[PDB]
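Residue numbers (UniProt numbering), protein chains in the order written: chain P, 396 to 445; chain E, 1 to 292; chain F, 940 to 988.
Yeah, the Cβ is synthetic: ideal placement off N, Cα and C, and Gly gets one too.
Read the structure below first, then the notes.
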Amino acid sequence: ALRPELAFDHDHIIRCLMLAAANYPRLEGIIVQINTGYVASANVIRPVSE
Amino acid sequence: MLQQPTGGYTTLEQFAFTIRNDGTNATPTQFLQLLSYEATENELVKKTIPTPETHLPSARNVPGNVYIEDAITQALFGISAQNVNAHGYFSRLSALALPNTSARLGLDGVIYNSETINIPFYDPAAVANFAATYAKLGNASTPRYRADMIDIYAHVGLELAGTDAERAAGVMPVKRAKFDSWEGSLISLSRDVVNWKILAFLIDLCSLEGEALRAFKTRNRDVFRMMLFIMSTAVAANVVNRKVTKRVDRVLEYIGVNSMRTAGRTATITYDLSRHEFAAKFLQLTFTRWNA
Amino acid sequence: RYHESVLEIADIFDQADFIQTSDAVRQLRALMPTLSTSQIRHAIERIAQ
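Following this line, the structure appears as structure tokens:
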């Protein structure tokens, strides 16, 4: 079933992530935040009080 | 009435089949010359075609003039054809199969119930021969009579890509077709084929016998190959472009393998399941006749 | 006795895959004043703005 949008350009995206990784210090944190939110959403681990 | 030529109606220049090649007129054979194949690890063996059912749709009376040629060509080659399996048209085709019918097949490909003298029509014996088989297109959808939609395509590939040695052997490697191409080449080709007066082709395929039928099969092999080519693009799993030296080469993987794809795509026409049933049935009849 | 002139990479390489631009970028660059790295950063920050 056709989705009328551009194809995800694997190559261009990886090149740009490289460029950003080499130039944009905030990048690491950004990606980490995604992952963090995911863990938080998976509800796998919570701190008990005792 | 048009008398059928000893070579068949396709000998007449009125019924000549042609396809634009990047917009200029050309015989189908010289389009098929542009085709090239890269074989893959998979193989197509051709299973014997089950013999078509003896049963015919009831020769029920219906109001109006059925446009059978456009129905078949649209079902096979048209963009998003609809109601391909609607019974009525075919009941009328079966009425053409009758020994002394009042129905006539116009060269327009319209079926007239009245004997309208103003409109030229094919010889009734010949159309009786043609309808006697092709009305079976009418029971494409009935579960008892559905044709294999998968294995039949081996034959398609064999009759398209297959080298004479492979066609003798009955097996060929599964192939990836390609040709230097213009934008929308597959759609434009399909448009060029959907306009064909194929009733002359099938009528000659049925009515002709012996040496005449054989000479017809050699003279027309490329036509049948263009039809098979349009169908194969409709069923090919994947179709793409390849930029090479400022020339796009269209690539269809794979010939002879029905993917049972139904979702429409830009590159080619597409068969809904009803279209798949129809094409499979059509291929069953047409190959049963072609291989005899 | 010579003739300085731009020669596009495309006239040399036969492989189109690795040639994205043409002489036009060189000409447009010739229009630009030579830029200190901070001026380059300023341009980029401006376009970003």
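Based on Cα-Cα distance, which residue from the options lies nearest to residue i?
i       : options                               : result
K46(E)  : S58(E), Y153(E) and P143(E)           : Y153(E)
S80(E)  : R225(E), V239(E), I187(E) and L213(E) : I187(E)
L205(E) : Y89(E), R289(E), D222(E) and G184(E)  : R289(E)
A39(E)  : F201(E), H87(E) and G157(E)           : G157(E)
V66(E)  : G109(E), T27(E), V84(E) and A75(E)    : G109(E)
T218(E) : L2(E), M1(E) and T11(E)               : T11(E)
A59(E)  : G88(E), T18(E) and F229(E)            : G88(E)
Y145(E) : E53(E), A168(E) and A86(E)            : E53(E)
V945(F) : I958(F), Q966(F) and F952(F)          : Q966(F)
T245(E) : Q988(F), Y941(F) and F957(F)          : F957(F)
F216(E) : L2(E), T6(E) and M1(E)                : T6(E)
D180(E) : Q30(E), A71(E) and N42(E)             : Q30(E)
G184(E) : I269(E), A132(E) and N42(E)           : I269(E)
Cα separation between residue i and residue j?
i              : j       : result
residue 460(P) : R421(P) : Outside the shown range of chain P, which is 396 to 445, sits residue 460(P), and nothing can be said about it.
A396(P)        : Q4(E)   : 46 Å
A234(E)        : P124(E) : 34 Å
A955(F)        : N195(E) : 39 Å
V127(E)        : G8(E)   : 12 Å
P63(E)         : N291(E) : 36 Å
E400(P)        : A267(E) : 15 Å
residue 364(P) : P173(E) : This structure cannot speak to residue 364(P), because chain P is shown only from 396 to 445.
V439(P)        : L412(P) : 29 Å
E984(F)        : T976(F) : 12 Å
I951(F)        : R398(P) : 40 Å
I979(F)        : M971(F) : 11 Å
Between residue i and the rest of its own chain, which residues show a CB-CB distance below 6 Å, the 5 nearest in sequence each way excluded?
i       : result
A147(E) : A280, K281 and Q284
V223(E) : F17 and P28
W182(E) : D22
Suppose contacts are defined by Cβ-Cβ distances below 9 Å. Is residue i in contact with residue j by that definition?
i              : j       : result
residue 294(E) : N100(E) : Nothing about residue 294(E) can be reported from this structure: the residues present for chain E run from 1 to 292 only.
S91(E)         : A135(E) : yes
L107(E)        : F130(E) : no
residue 293(E) : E209(E) : Only positions 1 to 292 of chain E appear in this structure, which leaves residue 293(E) out of reach.
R250(E)        : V239(E) : yes
residue 293(E) : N139(E) : Chain E is shown only over 1 to 292; residue 293(E) falls outside these bounds and no answer can be derived.
residue 301(E) : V171(E) : Residue 301(E) cannot be examined here, being either before or after the span of chain E that is shown, 1 to 292.
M149(E)        : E277(E) : yes
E115(E)        : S94(E)  : no
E943(F)        : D962(F) : no
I111(E)        : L96(E)  : yes
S274(E)        : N85(E)  : yes
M226(E)        : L105(E) : no
Between residue i and chain C, is the shortest Cβ-Cβ distance under 9 Å, so that the two count as touching?
i       : result
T142(E) : Absent from the structure: chain C. Protein chains present are P, E and F.
Please list, in chain order, all residues of the same chain as residue i whose beta carbon is under 8 Å from its beta carbon, the five residues on each side excluded.
i              : result
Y37(E)         : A161, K175, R176, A177, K178 and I255
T73(E)         : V193, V194, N195, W196 and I198
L974(F)        : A982
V434(P)        : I440
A212(E)        : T6, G7 and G8
residue 362(P) : This structure gives no information on residue 362(P), because the portion of chain P shown stretches from 396 to 445.
Can you give the beta carbon distance from residue i to residue j, rounded, assuming they're within the 8 Å contact cut?
i       : j       : result
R221(E) : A237(E) : About 26 Å separates the two Cβ atoms, so there is no contact after all.
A200(E) : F15(E)  : 4 Å
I19(E)  : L189(E) : 6 Å
Spatial neighbours of residue i within its chain, please: C-beta separation below 7 Å, excluding the five flanking residues on both sides.
i       : result
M231(E) : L76, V156 and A279
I203(E) : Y9, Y122, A126, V127 and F130
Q82(E)  : none
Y271(E) : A234, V235, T262 and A279
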